[PDB]
Every structure is written in structure tokens, then in C-alpha cells.
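Single-structure report; data block below.
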Amino acid sequence: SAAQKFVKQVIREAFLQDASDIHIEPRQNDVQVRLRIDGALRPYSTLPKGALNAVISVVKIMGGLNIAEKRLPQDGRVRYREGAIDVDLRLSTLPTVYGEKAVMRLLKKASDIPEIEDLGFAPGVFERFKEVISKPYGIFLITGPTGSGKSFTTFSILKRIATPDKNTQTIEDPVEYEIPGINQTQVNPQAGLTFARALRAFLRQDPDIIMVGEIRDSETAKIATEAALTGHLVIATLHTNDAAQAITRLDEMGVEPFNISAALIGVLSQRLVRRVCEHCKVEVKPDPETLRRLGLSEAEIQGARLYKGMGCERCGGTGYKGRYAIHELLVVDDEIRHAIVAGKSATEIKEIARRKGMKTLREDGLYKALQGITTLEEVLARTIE
Amino acid sequence: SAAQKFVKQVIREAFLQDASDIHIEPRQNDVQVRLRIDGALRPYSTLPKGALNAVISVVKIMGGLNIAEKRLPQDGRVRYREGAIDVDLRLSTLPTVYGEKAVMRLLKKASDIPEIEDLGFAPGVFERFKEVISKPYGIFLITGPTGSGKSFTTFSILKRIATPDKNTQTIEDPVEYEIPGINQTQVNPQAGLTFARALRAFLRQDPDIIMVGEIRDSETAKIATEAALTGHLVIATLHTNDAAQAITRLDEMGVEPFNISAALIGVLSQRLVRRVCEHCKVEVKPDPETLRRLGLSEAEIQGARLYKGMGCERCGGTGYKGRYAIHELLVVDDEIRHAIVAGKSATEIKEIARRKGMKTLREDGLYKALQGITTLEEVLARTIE
Amino acid sequence: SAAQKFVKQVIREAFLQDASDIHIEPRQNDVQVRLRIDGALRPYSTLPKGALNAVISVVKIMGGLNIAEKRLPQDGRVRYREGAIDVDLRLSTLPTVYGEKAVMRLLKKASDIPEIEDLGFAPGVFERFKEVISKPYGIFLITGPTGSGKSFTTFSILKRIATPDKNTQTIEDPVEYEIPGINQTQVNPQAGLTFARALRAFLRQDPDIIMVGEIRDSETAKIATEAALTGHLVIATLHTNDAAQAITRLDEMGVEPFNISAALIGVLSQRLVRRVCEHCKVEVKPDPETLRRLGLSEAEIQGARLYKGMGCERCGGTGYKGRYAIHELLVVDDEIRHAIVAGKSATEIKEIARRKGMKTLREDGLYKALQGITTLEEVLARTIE
Ligand SMILES: Nc1ncnc2c1ncn2[C@@H]1O[C@H](COP(=O)(O)OP(=O)(O)OP(O)(O)=S)[C@@H](O)[C@H]1O
Ligand SMILES: Nc1ncnc2c1ncn2[C@@H]1O[C@H](COP(=O)(O)OP(=O)(O)OP(O)(O)=S)[C@@H](O)[C@H]1O
Ligand SMILES: Nc1ncnc2c1ncn2[C@@H]1O[C@H](COP(=O)(O)OP(=O)(O)OP(O)(O)=S)[C@@H](O)[C@H]1O
Ligand SMILES: [Zn+2]
Ligand SMILES: [Zn+2]
Ligand SMILES: [Zn+2]
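Residue numbers (the deposited numbering), protein chains in the order written: chain C, 506 to 890; chain D, 506 to 890; chain B, 506 to 890.
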């Protein structure tokens, strides 16, 4: 067909450019198609309004979606294959004013998961991070907004840690990609298999490592914490702007600070900044007023260099190509446990940690921005500085 | 054709007078016709009682309603075109003791939606408003009664922030304006497309900005907060007499307070006041004693220029033409976060917010009455403070 | 049948090596079986993928699990006896991506039933325990999670109170031990001999002490309570984490509040906590804030020491050797009854009880931990939320 011919090419072009998502959107007069690359959407094509139905058909067919239904959202999955390329897609259709909208999400593979040496950790923090994950039990929290690289990190860790002498059990919503040598369980709300329900079962499963996909309940916060106290390694995900507030979040979710204190081994706060395109990279001579505001001594200010991409055909005008990770790693020690009990605020916990040598998201992004890995713009945007 | 001539004229006059609604009311010995202008009903004309059924007939033909049925309400939509007039009309017929009443609403378009610079924000509030909508994720609430300008503000915001690198998704009941650049979806009961069912689907649609037209049920209030939590920007409308009560209401609706404190960027409480007609505008010497019980200081009573419109042909005698918005903008910071958890009252929150810089509705009203934008009574009639 | 033979061989080999746990894990092309020996998982054997369901059915029948239910976790206990192979198995089935995973833990072979003086009650709590179980009649509830030591405690009580001048009748699912001096009846669902059917018969068997293995009906709860009212002593097992919630549990099962208030002598809640290896004990300097937060008085904090096992040859790798029980004893008085009728919450009731001097599991666990019986972390794990 011609609609079949379009879906093949847009998926192929997405796989070739490492696009995260494909948006097929009807509008007043046309159909716009967009690709998400490096977290940001780009224009790809524009179709005649009549093209919409046939295209939606091709997509819905791939995922076993009902062509008859156009009044309700639908959800499908397809293992898509075209000679060279092989990728799973999650298809989503949504009724819109101008007709159904389709979104195709290209899922990653276990192949794609990095080793912990290739995460982007600075030299000093890397050795601390290597240490905290090597502990035999406790709970290690990874926090940040969606698209922060949190899953990539958690599985990077599990890739180094889940050896055959251990049981590695995972609760996930959904399971994105299957990992060899660990046990994975998928949340099933229709059946009633919730995060809290599966976690309770894990305790009956002789676990060694438990991966909690996401902590939203009080209930899962307690069980995840109880697994930790029981003597297991717990890797879980929380949604917090900061490392320290993960401590306060657990308190508000109802974990008493003495439980938190006896189980929390460390918190990692992750954000994902965009990487300056190499072809169109250009030095910008910077601004002493910022750098001043992130109290970089005025000895490290005129030594400092900053960079931006200019936009070229090789980055679609973006000035960016690929992404990089920035890290705020809070390691729990004997001065911090005491501050968790006694009830210090997140701000107070953080000043202690920083005074021990914790680098913040800002301070990390900046160190990477002074290498031209990313722009100062991107750093202040994803964090708050 | 005489009834056709009347309907033709009254829509023409409503159009030119910026009239929300036309009211055609059967009364004991006549028919009364009123225009709502600036939110206030206004006498337009009187018809002789035996002319009712001809006029209702014209109105029904326009919206394709049944003439035979006079015992049950009816509803229609017409795209009205006469001369240079192009308006969408919503038609309502309803049996009353003296016959059927008719209401025709004149609908606005996307072109009527202002730029955020033209929303009427005081300069100190406007800079904070801007910093609130420019955040990457979180939930921002716009509260107040119907006809307060909630939608105008919402889309004004989306005009500035729904840039083409982002997915901007809408759920609405109904979709009012057709907006370029964004994706809109309408609630559909008959198909089972709830607010909550739509919103659940949005989370598999790779969204950046989410707009929830109205939060009515407890489930929708939870999913929108969740979506904010995970890393999405959410703009939603709520009904509260006060900015602080939007916090409390989410609580009452079932949202975990730790989730509220975590996701909430801010609240905007809004009303509409009437502008002083400036063909009537006559300066009025303020009464200091009355301006003192109203919490204004001695400095503010100086530099106070009050006005009242002495009715004219252009303002229909009311002394007012046009409307203006008054604002109460709660910006969430850490102290408001700690008070949201720990279950402080709305009154407690409010006093925190003010101490931190928030102007109440009354205060923003008074401030603009001293600029002669509006009059004192309008401020007092639109604010219980 | 080939499946049945495999399961018998694995349990045989686990038994003989003294393996802790047996793991049957589906994989992508493979069903992998692992044994945990001396703390580590070792590879036992590999089964083809198409053998998975056959094996899972075998182990489900052994633990009385549902074969049909494949998308929820299940749990059962089994006593495996084939020849010299005699071992209590805890069975756990977990839904995973490649199918159901089954885990079987080999339980430490049950020790002989002790005197109530060796159950490990605190000195003060013990005097109350002794006083509750001396009562001539009424119902005494023993409650807690699976493997709490419930059955072990009830038979220890029966060891003391079941005297030859009394008839002591027992309804069990199933019968575990072989105690002299008493009469024991096992539930036969096949024959129609239910918990409730037996309990009505017991009232025609002239009893003195009745023991119900489990209350999981309304009718059983109602008959057991009725038996307590007429003037029989009833020891019964519930599965509630909190002692005070066990009262609410009976109300949910339909027992009239006034029959609960008149019959309930008290409720025992217990946990099993791992014990520190004596040959390996070290002193830990505890944190005053933590102790304070756990309700310890300033006098007690003064010379408080805590203990940990470092890992010793005697205790394998872990610093723990054997178990000990912690207790929470709710003794019903006149005030409690008044709360039950016109029912206050389990929270209020627990408050009242604590005000009358009732020790909590954590408080009980703490003091035992303060003596070196166990670690705080073991105590915190079994008392969380
Ligand atoms: N360290 C990294 N360096 C560069 N790119 C990365 C890195 N980690 C992740 N990415 C990319 O960014 C995307 C974000 O993926 P994720 O790791 O899932 O982030 P996440 O949203 O925090 O994970 P979730 O939502 O908890 S399942 C990945 O698909 C990769 O394309
Ligand atoms: N800032 C403003 N200044 C002056 N007039 C305004 C302003 N905002 C809105 N209006 C007028 O007031 C009318 C009602 O505003 P809306 O925003 O549509 O009402 P709303 O009830 O607050 O929100 P809804 O219920 O979702 S339409 C608009 O149609 C305009 O005519
Ligand atoms: N106070 C105790 N100290 C040491 N070990 C105990 C104690 N109580 C029980 N145990 C042992 O731990 C196991 C406890 O099992 P039970 O006493 O049967 O518990 P239970 O509460 O009946 O569990 P369920 O739900 O009936 S399977 C038994 O093997 C006991 O031998
Ligand atoms: Zn470039
Ligand atoms: Zn005028
Ligand atoms: Zn030891």
C-alpha cells in the first residue's frame, strides 16, 4: 500500500535516528508527524488529511487493535521486523477532535543497557557509587522525573550485581525489556497483582535483590523498607527533585525515621541533559554573573570555557545529539542516620552531605558543561541550576 | 418574517455589543428579551405576547429542534452567518409557565484568546505567574466559579508554552475552542470516555503538557496529580472560592497530601470585574474612612484615583464597558509544602502564602480600582475578600 | 508422573545437603532449578520449557494451591514425608514473565513443645499470659503472620492447661503434632467435616477446652464465640498483624459486638525474630535519638547497649543462630469491652490497652534486643507499620 509504505519508512527512520517515539497527529487541515529525539520532538513529514484513516489502519493492524473502534483509546504491542531492523513497539491510539491519534514508542533492549562504567559518573562519585551498590542489604533509592535515565541505571547496577548465587526479583509496571539471569514480575491491575501485593510475595520467595519499579504507595514504601530491614538489597525508584527529599518523602509516605535510618544505604538523584553536537559545536565566552551565583571561585571563572551547538543538518538544527547523565549521589553514613532520626529537614540533611563531599546535580552538570559535553542552558533547565 | 427580522436584529446587536447570551423570556403579559453583557443581564426589548411562538420557531429551525415538542427542553448548535457575522451559537429551549424560554449563547474563538501579557496581571504578580508556568513539570491549578476566565487563562498559557518540541494534550467537556498546535480530546459519556479514562490513556501517549478541563471526581484528581508527580506539566481547573482551598479540596477529594505537596506548582484564583466605561468616566473624590476599614494604608489613600462611569449610550447606562481579571496567585514554596503535609487548614496556608507575597482577590481588586480600571463596588461584589 | 518424580528427587537432594531453599524458575528457553546451599544459590538442573506447568501443578497439589489461578501469588505449607525424608515445606508461587516460579523453603525441623516458661515472655507479660490462660472459660485469640509461632504457642498452652479432669478437644487443618491427653480432630473437606460442622459437634461432646486451628468462616467464628459464652475455654488462631485488629476482624466476620465483649479474654500477637549467635556477639554503641524515638526512657538510655553478630563459623555466614519470639498481649478489661460494644477503632482500643500497661511488639522486641537476644533491625523488620 501507500499507508503501509509510510509506516515502514517512519519506523525505519526512527530506528536509524534513535527516536524514542513517533507521533501521528491529525489536525484541522493535515496530518502532522513528529519524532521525539533526545527528549525533544522534531518535525517529520506532513500528510494529507485523507491519509489519516489508512495509516491508523496499518498501525492498528500491527498491534491487534480494533479498526471499528474510534471512540475509545486502545493499546497494543508489536514485535516489528523489516530485514535489518528489529524493535518492539508500543502502539497507542487516542480519539481526537480531528480523528484518532497514533503514538508508536520504540522500546529498548537488554543489549542497550550500559555497564556501570559507562553511565557518566565522575571519577570520585563513581567510586562511592560502586561502593554503595556492593552492600549486601539495605535500600538504595534512585530519584528523578521521567526520562532521567533511572531505569538504565537500575538495570546497569543489576547487570553488575545479579550473579547466579543470588535471587534477583523485580516488580515492574510495565516490564520494558527482559533481562537474562533475573526474575521479572509485571504489575497486573486487572488481576489485582499490585506493587504492594507482589512485594509481600517476594518476601516468601527467598529474595536476595529486589527491584521496585516505582514507589507510589505508603504500603510499598513500608514493604520495600521491610525487605531492607529483613536483610535484602532493595533497589527502588522514587519521584523527587533532590536526593535528600527522598528521605523526607519516605517519612511522609509513613516510614518512621528510625526505620529509614536502619535501612537507607544511599540515594541517587539522576537527570538527563542533552549532548552538544560535535560537528556544530562552538565555544561561547561565558558569563561571570552565573558561576558567580554558583559560587565557583573567581579563579575558576576566567579559566572556564562554555560551549553550544549551533544547529547543523547532522543534528537537525538542534545543536544537540544524544544525551548525557548528571548525578547527585547521597551516601548514608553515621552522621546522616543520626540526622534522619532527630528529624532534620531535607535542606539540613543535604548541607551535611554536601559538606562531606556530595556533589549536586548543578555542580555535576556544570563540571560537564565546562567540558563541552552539555550546555549551561540544558543544565539549569533540567535541574533548577 | 417579522420573527425572522427580530432574531436577525437581536443577534446582530448582541454581536456588536459583545454579549455572552440572548434571553427570550415568556412572561405573564408579554415577552421580555435580555442581553447578558459583561456578565450582567440588560433589557433589550419587549415583544407582544402572541409573537412568542413565531420567534421560538425561528430559533428552533436554526438549531434543528422539534417544533411540535414544547413540553421538554431542547438543545442545538448553529453556525450563524448574516452579512459579515460569523458566530457559533448554542441554542436552548425550555418550557416555562408562560411558554418556552430560549437562550442563545454566542461562542468565542481561538482568536479571542489573549497573550499572557494581556491577562491583566499586576506587574509583581505577573513575573511570578510567568515563573510558575515555565516550570518543566508539576500541576498548576486555575480555580474560581464559571465565567471567571479560567479557560481564557488556560489557553493563554498554552499559547505561550505549547511550543512544537512538546506534546500538548487536552481532555475537555466539551472542547470549546479549536486550538492550533495542540492535541484536543473531548469527553464522551456515551462511549465511556471519562476524564479519568482519557487521562489514563494520555500517560501512554508520551505527553509533555497535560490540560484537564475540569477535575470533578476523585479518580481524575489522583491521576492528574500522579502525572504531575512523574514529570509532566499539568494545567487543570478546579472550583474553589480561594487559591488555598484548591489544596484542601484535592485533599478532600482523596489525594494524598504528600502527593499534593510534591506535585503542586501553584494555584490561581480568578474573578472578572467590570471596567469603567471611559465615555462616562468621571473622577470621584475617595472617602478615606471607608478606604481605611478596607485595609488600605495612609500612603495608598493618597495616590488613589477612583472613577465611576456616569452612564452613556455606549455603556448601555451601566457605567461599565468590558471586563478585567483580578488575581490571587498562590506560589508553592517549601513552607507551603510542609504545611500541606502536616494537614494545615486552608486558612493557615493562605496566611502563609500572603506573608510570603500573595495578594488576595480583594487586594488585587482594590489595587486596580485605585488605577481606575474598575470601581470599588465591583471589587466588593466580586470578592468576599 | 515424570514431573512428580522430578519434584521428589529435588526435595530429596535438598533435604540431604541441608539446602535452605528450592527455586524453580522459568526462563526464556529453559526452566532452571536452583538450590540454596550454605547461603548461596547453586545450579541443580535444567528442564525443558514445556515441562514447566507439569511441575508447578505437582507442587501446587502438595500445598493445596489452585492450579487454575496463574496470575496471582499463592502460598501453602506441606509436610513432605517419603522414607527417611521428613521435612516441612513452605511453598510460594509467583507469576513471572515466563510463567510461574515456585519457591520451597525447607523449614527447620520442629522442636518439641516447651513449657510456657520457655516461650520467652517478658517477666511481667508472662504473669498476664498465665492469668489469661487460667480463665475457666471465654475465648483467647493468638494471631500473627504465617510462621509466627502460633501453633507452637497454642500447644504449649495446652501442655499446661489440658489436665486429666478436663476434656480438651481440637479441630485442626491439619493435625501437626501428637499430643497425649487430648483429643484431636482433623478437617475433612472431602467428607463434609468442616471447621463449623465439627465445632457444633464439639458442643455435644461435653468439652472443657476447645481449640480451633483456624477461624476463616463467619459460622466458625460465631460458633467458637458462642462456645466461649456458654462456659468453655476456647483457644483460637487468627491471621492478623495487630492484636487489636483481631477484635475488628471478628466483627467483620459477623460476630455480634456484644458477644465479642462478653467472651474475649484477650488477644496474643507474636512475631518470630532471628537470634544473634552467642559465639560471635559484639557490642554496638546505640544512638540515643533512636532509642528515644522508640519510647525508651532517659534512665534506660543511660547504659543501653545493642548487639550484632559479625559472622562466625558456628552460624554459617550470617550473625544469626536460631529464633526467639516477641509478644504483644491485649488483656480485655472492663474498659476494652465498653469500647468494643459501640465500637471504637482498633487504633483507639490499642491506645486504651497501652494506657493500661500493655507492652507492644516493638517495645517487647526492643528490650529483648537490649539484652542481646536479637538485633534491632530484626525487631524493626517484624514490627513495621
Ligand atoms: N546514562 C545515559 N546516557 C545517555 N543516554 C541515556 C542514559 N540513560 C538513559 N539514556 C537514554 O535516555 C532514555 C531514558 O530512559 P530511562 O533510563 O528509562 O529513563 P527513566 O524515565 O528515568 O526510566 P523509567 O521511567 O523509571 S522506566 C533511554 O531510553 C536512553 O535512550
Ligand atoms: N482576562 C479577561 N479579561 C476580560 N474578559 C475576559 C477575560 N477572560 C475571560 N474573559 C471573558 O469572560 C468570558 C468567560 O471566560 P471563560 O474563561 O471562558 O470562563 P470560565 O468559566 O472561567 O472557564 P470555562 O468554564 O472552562 S469556559 C470569556 O468568554 C470572555 O468573554
Ligand atoms: N517461640 C518460638 N521460638 C522459637 N521457635 C519457634 C517459636 N515458635 C515457633 N517456632 C518455630 O518456628 C516455626 C513456627 O511455626 P508455627 O509454630 O507452626 O507457626 P504458625 O504460626 O502456626 O504458622 P502457620 O501460619 O500455622 S503455617 C515452627 O517450626 C516452630 O518450631
Ligand atoms: Zn550540529
Ligand atoms: Zn459609558
Ligand atoms: Zn556467629
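All C-beta atoms, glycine included, are put in the ideal place defined by N, C-alpha and C.
Any non-hydrogen atom of ligand 5 closer than 7 Å to residue i Cβ
i	result
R828(D)	no
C785(C)	no
Short Cβ contact (8 Å threshold) for residue i with residue j
i	j	result
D543(D)	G827(D)	yes
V837(B)	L769(B)	yes
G625(C)	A830(C)	yes
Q689(D)	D678(D)	no
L866(B)	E833(B)	yes
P600(B)	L698(C)	yes
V630(C)	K864(C)	yes
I728(B)	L704(B)	yes
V563(C)	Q509(C)	yes
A751(C)	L743(C)	yes
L755(D)	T735(D)	no
Minimum Cβ-Cβ distance from residue i to chain B less than 8 Å
i	result
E622(C)	no
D593(C)	no
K727(C)	yes
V680(C)	yes
Exposure label - residue i; buried when at least 16 CB within 10 Å
i	result
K790(B)	exposed
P650(C)	buried
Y682(B)	exposed
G652(D)	exposed
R532(C)	buried
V787(B)	exposed
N534(C)	exposed
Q876(C)	exposed
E883(C)	buried
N746(C)	buried
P793(C)	exposed
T852(B)	exposed
Chain C within 8 Å of residue i, Cβ atoms only
i	result
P669(D)	yes
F660(D)	no
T730(D)	no
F700(D)	no
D580(B)	yes
Any C-beta of chain D under 8 Å from that of residue i
i	result
residue 502(C)	This structure cannot settle anything about residue 502(C), because the visible part of chain C is limited to 506 through 890.
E636(C)	no
Residue i CB to nearest heavy atom of ligand 2 below 7 Å
i	result
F657(D)	yes
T742(D)	yes
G652(D)	yes
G870(D)	no
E833(D)	no
Check: residue i C-beta below 7 Å from any heavy atom of ligand 8
i	result
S774(C)	Absent from the structure shown: ligand 8. Ligands present: ligand 1, ligand 2, ligand 3, ligand 4, ligand 5 and ligand 6.
Residue i CB to nearest heavy atom of ligand 6 below 7 Å
i	result
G814(B)	yes
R819(B)	yes
According to DSSP, residues forming a beta bridge with residue i
i	result
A830(B)	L777(B)
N688(C)	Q674(C)
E605(B)	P600(B)
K786(D)	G814(D)
residue 910(B)	Look at the range of chain B in this structure, 506 to 890, and you will see that residue 910(B) is not part of it.
residue 474(C)	The shown model of chain C, from 506 to 890, leaves out residue 474(C), and the question about it has no answer.
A545(B)	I542(B)
Heavy atom of ligand 4 within 7 Å of residue i beta-carbon
i	result
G824(C)	yes
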